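Cβ placement follows ideal geometry from the backbone for every residue including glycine, while neighbour counts extend to all protein chains displayed. Basis: the model, the stated rules and, where named, an outside source; nothing here is a laboratory result.
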Amino acid sequence: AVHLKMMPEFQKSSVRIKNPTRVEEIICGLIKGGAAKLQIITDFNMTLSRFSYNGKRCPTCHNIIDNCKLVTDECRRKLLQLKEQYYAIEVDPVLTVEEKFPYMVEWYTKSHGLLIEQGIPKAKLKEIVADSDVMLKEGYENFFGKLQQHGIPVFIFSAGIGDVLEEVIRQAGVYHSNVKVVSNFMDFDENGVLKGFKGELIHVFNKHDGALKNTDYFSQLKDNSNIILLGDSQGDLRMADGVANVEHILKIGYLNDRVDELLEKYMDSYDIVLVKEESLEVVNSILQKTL
Ligand SMILES: Nc1ccn([C@@H]2O[C@H](COP(=O)(O)O)[C@@H](O)[C@H]2O)c(=O)n1
Ligand SMILES: [Mg+2]
């Protein structure tokens, strides 16, 4: 049997679990299925990457571009101001998802407009990422390493910028063959210069959509009926909506901001809530028991 009381990673003050006996049962289910039945569905920004480090806020994939040498200071100022205004709406505890939705569309349209005007070259993304302040969560090597060792499908579903994300994990040497990325990918002109974004916009509150547009991926993993889902937003709860068959699903949520106002809602919707936590130690311990 699984006993959370016997696992010290589960007793750390950052770990908030509303239903410990249900979390035990789910983890027991994952262990029973082992590698053969497991798949991962995870968010990127502030879920696999850090929210802050040494008392400083860390960048999202968009922020990497916002802050880089290939954007003018005037543009960066506009982008900072958009970030201030619209992040405040994104995390606002008083608004509903449906109230936030149009403002998120609008943030993305305005910010992507401004990035396209700057003409970001594809060939420069490597240096831009190498010079950024992006940081992955503590334990990321063992997370991606254990998963690849056992061939576990990992679906990274991000409303950020796909080219940036891929370059972060590529440089960190964890972009292994088991990793699939779905995000907003840049569209480049004949010069290799940013001219737009491909496909349909993925934003904070429409991941349900993209989840269903990936049923080919999910239909090939019908046997992978045990799901670990990681996110930091309420909008990440929908990332598993396209899975073919769900037998056991564990939802782990990183609560990084407005903690007192959001704790109850996060504890009601995620099986495990990780409060101001910059490591993957909890999920890594579950993997250790499972694989
Ligand atoms: N222009 C933008 C648009 C979104 N974002 C951030 O990117 C995040 C989406 O990426 P994830 O889905 O990977 O978390 C949003 O939660 C938002 O805070 C940003 O930092 N700048
Ligand atoms: Mg996120």
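For region 227-264, how many residues are among the hydrophobic types (A, V, I, L, M, F, W, C) and closer than 18 Å to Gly33 by Cα?
8
With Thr42, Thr109 as the choices, which residue is among the hydroxyl-bearing types (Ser, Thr, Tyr) and outside the structural domain of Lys265 (by CATH)?
Only one candidate qualifies: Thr109.
Of all residues in region 214-237, which are out of contact with any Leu (no Cβ under 8 Å at 6 or more places or on another chain), away from ligand 2 (no atom under 16 Å from the Cβ) and in contact (Cβ under 8 Å) with a residue 24 or more places away in the chain?
Listed by number, the residues that qualify are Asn214, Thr215, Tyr217, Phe218, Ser219, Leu221, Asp223, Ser225.
Look through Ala211, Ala244, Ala240 and report the one residue that is within 16 Å of ligand 2 (Cβ to nearest atom), in a loop (DSSP other than H, G, I, E, B) and assigned by CATH to the domain that holds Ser13.
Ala240 is the lone residue from the list that is within 16 Å of ligand 2 (Cβ to nearest atom), in a loop (DSSP other than H, G, I, E, B) and assigned by CATH to the domain that holds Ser13.
Which condition from (1) buried (at least 17 other Cβ atoms within 10 Å of the Cβ); (2) more than 16 Å from ligand 2 (Cβ to nearest atom) is the one that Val273 breaks?
Checking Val273 against (1) buried (at least 17 other Cβ atoms within 10 Å of the Cβ); (2) more than 16 Å from ligand 2 (Cβ to nearest atom), the one that fails is (2).
Would region 181-192 turn up any residue that is β-branched (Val, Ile, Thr), at negative phi, in contact (Cβ under 8 Å) with a residue 40 or more places away in the chain and buried (at least 19 other Cβ atoms within 10 Å of the Cβ)?
No; the residues of region 181-192 include none that is β-branched (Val, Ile, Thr), at negative phi, in contact (Cβ under 8 Å) with a residue 40 or more places away in the chain and buried (at least 19 other Cβ atoms within 10 Å of the Cβ).
Where residues in region 186-207 are within 13 Å of ligand 1 (Cβ to nearest atom) and touching an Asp or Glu at 6+ places or on another chain (Cβ under 9 Å), which of them is nearest to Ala123 (Cα to Cα)?
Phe197
Only one of (1) buried (at least 16 other Cβ atoms within 10 Å of the Cβ); (2) closer than 17 Å to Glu277 by Cα; (3) within 16 Å of ligand 1 (Cβ to nearest atom) fails for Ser52. Which number is that?
Exception for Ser52: condition (1).
In region 33-43, is there at least one residue being touching a residue at least 12 places away in the same chain (Cβ under 8 Å) and part of a loop (DSSP other than H, G, I, E, B)?
yes
Taking the options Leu201, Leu291, name whichever one is among the aliphatic types (A, V, I, L, M), out of contact with any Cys (no Cβ under 7 Å at 6 or more places or on another chain) and not assigned by CATH to the domain that holds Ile156.
Just one listed residue meets the conditions, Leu201.
Could you tell me which residue of region 55-67 is surrounded by the most Cβ atoms within 10 Å (Cβ to Cβ), considering only residues that are touching a helix residue (DSSP H, G or I) at 6+ places or on another chain (Cβ under 7 Å) and among the hydrophobic types (A, V, I, L, M, F, W, C)?
Among those that are touching a helix residue (DSSP H, G or I) at 6+ places or on another chain (Cβ under 7 Å) and among the hydrophobic types (A, V, I, L, M, F, W, C), it is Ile65.
Output the number of the condition that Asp257 fails; it satisfies all remaining conditions of (1) surrounded by fewer than 22 Cβ atoms within 10 Å (Cβ to Cβ); (2) more than 18 Å from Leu147 (Cα to Cα); (3) more than 14 Å from ligand 2 (Cβ to nearest atom).
Unmet for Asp257, out of (1) surrounded by fewer than 22 Cβ atoms within 10 Å (Cβ to Cβ); (2) more than 18 Å from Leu147 (Cα to Cα); (3) more than 14 Å from ligand 2 (Cβ to nearest atom): (3).
Are there any pairs, at least 6 apart or on different chains, whose C-beta atoms fall under 6 Å, with the first in region 148-159 and closer than 17 Å to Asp209 by Cβ and the second part of a strand (DSSP E or B) and within 16 Å of ligand 2 (Cβ to nearest atom), and if so, which?
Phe155/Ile41; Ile156/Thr42; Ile156/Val181; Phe157/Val182; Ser158/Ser183
On the given criteria, is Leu70 without any contact (Cβ under 8 Å) to a residue 60 or more places away in the chain, part of a loop (DSSP other than H, G, I, E, B), in contact with a helix residue (DSSP H, G or I) (Cβ under 7 Å, 6 or more places away or on another chain) and not assigned by CATH to the domain that holds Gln234?
yes
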